[PDB]
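Shown next are two forms of a single protein chain, provided one at a time as structure tokens under the names structure 1 and structure 2.
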Structure 1
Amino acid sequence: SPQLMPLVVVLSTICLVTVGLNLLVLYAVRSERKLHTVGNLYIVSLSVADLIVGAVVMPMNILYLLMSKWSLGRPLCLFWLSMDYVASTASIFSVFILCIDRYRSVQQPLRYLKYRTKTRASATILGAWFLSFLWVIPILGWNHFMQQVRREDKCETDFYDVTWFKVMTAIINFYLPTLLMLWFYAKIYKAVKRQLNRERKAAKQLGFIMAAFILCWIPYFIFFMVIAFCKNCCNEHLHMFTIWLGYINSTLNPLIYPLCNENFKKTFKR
């Protein structure tokens, strides 16, 4: 309808800045070579997840919004769902891994003075991405293992019509990472407040990532929490607004990176 165009054309700019800035960060870590550290490898994983979610989901979601009917074939809708889930889980597991390694490095090292090097970073990143693909394994094939889309148009997840699995997977994937990683961040806060500025800059960039991936995702997951128990509580506009708040998180992370530490500003200016 010729009244929703003003919102769609704005989303194109969001997509363009999302893909560009993550690619700019990957340019920074590849064309400067003064940032090949394990923590910067974790932020590279986070930026790769954000670049994937941008370059894949943003055009597909924009097309879905500007044309309220999916006729791009069933396999491609499943591919979009799988890549969206991969990117989102890879992001909130790369941030989880970064927080875990920060905590185990500021753990008053008494057991872990060993390698904090390419070995551990590679192992943990590959583990997180394999867990994301493990999530993808059942979503693509739903009827194959469990005998549970039945909709020619308006393609969505296969498990949209089941409440218990959706609630359980949302609770796990958000609450367990957010609670465990908040506990790790509070332990980091206490340990750093026991030593003590560069640590303050790192802690504040982690805190800004915290603010973005909490206050940008809470509306979406509270919408999942409320939607299952009452189908009268559904609002299409607010659902898309929450999903785009999550994508605003994904595009804010590349703005969190250079606004905190002075190393990225010089690497970006050139």
Structure 2
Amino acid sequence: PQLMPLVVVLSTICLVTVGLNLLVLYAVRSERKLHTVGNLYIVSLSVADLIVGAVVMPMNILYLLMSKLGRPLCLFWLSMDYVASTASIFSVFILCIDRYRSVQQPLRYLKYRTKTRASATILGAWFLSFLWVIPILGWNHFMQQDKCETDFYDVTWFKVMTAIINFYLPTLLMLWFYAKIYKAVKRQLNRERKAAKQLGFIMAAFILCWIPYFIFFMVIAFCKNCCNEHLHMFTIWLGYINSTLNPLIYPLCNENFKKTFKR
């Protein structure tokens, strides 16, 4: 009776998130000058972003309006949320791989940046994401140990290991890549400058949005009586606000999106 208007606001977030994602997808599939050989990489993120919104928005809202469906639907919800997040933070990983390779002194380079390899690496990211999904459905039947939380919530060590891997290794390798990109930018004395700003703003938006979620998650990872239902919702939804913002963060630095966004 005192939290429903907030639920309505989070529901209103859905329309703009889905609209922005579909707008980016249509922009890529329309303009040849915008149909860049590398833009397809970021498209993966957008596609993942779109999935996120849908597969998370009503269901999680249906989690808030209701108090504490069945097993298959909620399990699929968790699995697809996990695959969407992993696919996003590996589309960004592929983007940083490609920026690192392309800005590294391109003498015997620029010949491994085609579109077939773009599709191949996107397919590989999707396949590895599904391989990460498989544990969500099959935590049981592999090991032998009303609400539907993560199935391995009672297992602290696996939780810590997966969080550590899927945050540190992407984010730390990404910071390495961004630092070397910035070093190359500084030594190479504007489109490259705006690409650097785009990568920097995407980095700032995750780090800032998913540092509270991860810090509180890792505090939970060793103690149970340390976070209620409140200090977690306000972090998950800042992260999803970040996912919504990324389609609008794209034109801020790479503003070639002018004509296609105002057709």
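Think of the rigid core as the biggest set of C-alphas that the two forms share within 1.5 Å after superposition. Sequence positions of structure 1, starting at 1, serve as the residue numbers.
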| item | value |
| --- | --- |
| Core-fitted Cα difference of 2 Å or more between the two structures, single residue among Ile137, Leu110, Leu179, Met168 | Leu110 |
| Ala212: CA movement between the two structures [superposed on rigid core, Å] | 1.0 |
| Shift in Å of the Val53 Cα between the two structures [rigid core superposition] | 0.4 |
